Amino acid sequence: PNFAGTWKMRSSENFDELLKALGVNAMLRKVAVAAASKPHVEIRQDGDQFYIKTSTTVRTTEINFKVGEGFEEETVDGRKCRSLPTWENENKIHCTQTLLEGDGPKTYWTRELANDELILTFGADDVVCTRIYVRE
C-alpha cells in the first residue's frame, strides 16, 4: 500500500501508561510525553523496503527495514532489540521485538494504513498505546 509521505499526529491514547509500564520514572515520562506530543514523521517506501524517520525534540529515530527481514532497532524507551516485521494484512505490518539485554516486557509495534490514516500501535504487556497519524 502507500505509507509513503510526511505524517502529523491526530490523537494518542495510552502513551504515559505505556512508558509507565516500560519502567520509565515520572521525572522522565513528563519529558517524553510532552515532546512525544508533537512528533513529525517521514516515511519512504519502496515495495517492502521502508525508511521511517520519527523526529521529536528530545529524540529522533530513523529505521530502515525490509518487511520479512529482521533488523536491530530500539524499543520505545530506548533499549536495544532485534525485531521481525511481517505483513499481517495487505496494509498492516506487525513487528515483534526481542531485547538483546536480558530482562523486560514483551514489546511489539504495528503500523497500519486505514484510509489515508496511519494507525500506529505499541504494545508492552496488556498495555496498548494507539497513536493515529494523518497526512500533513
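Start at 1 and count along the sequence shown; that's the residue number.
Please compare 39-47 with 100-108 and name the stretch with the higher mean C-alpha B-factor in the deposited structure.
Taking the mean B-factor of the alpha carbons in each, 100-108 is higher.
May I ask you to compare 84-92 and 56-64 by their mean CA B factor in the entry and name the higher one?
So the stretch with the higher mean C-alpha B-factor is 56-64.
Is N25 in the lowest, middle or highest third of its chain when residues are ranked by C-alpha B-factor?
CA B-factor rank for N25: highest third.
Could you say whether, by C-alpha temperature factor, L113 belongs to the lowest, middle or highest third of its chain?
Ranked within chain, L113 CA B lands in the middle tercile.
In terms of the CA temperature factor given in the entry, to which third of its chain does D77 belong: lowest, middle or highest?
It belongs to the lowest third of the chain when residues are ordered by C-alpha B-factor.
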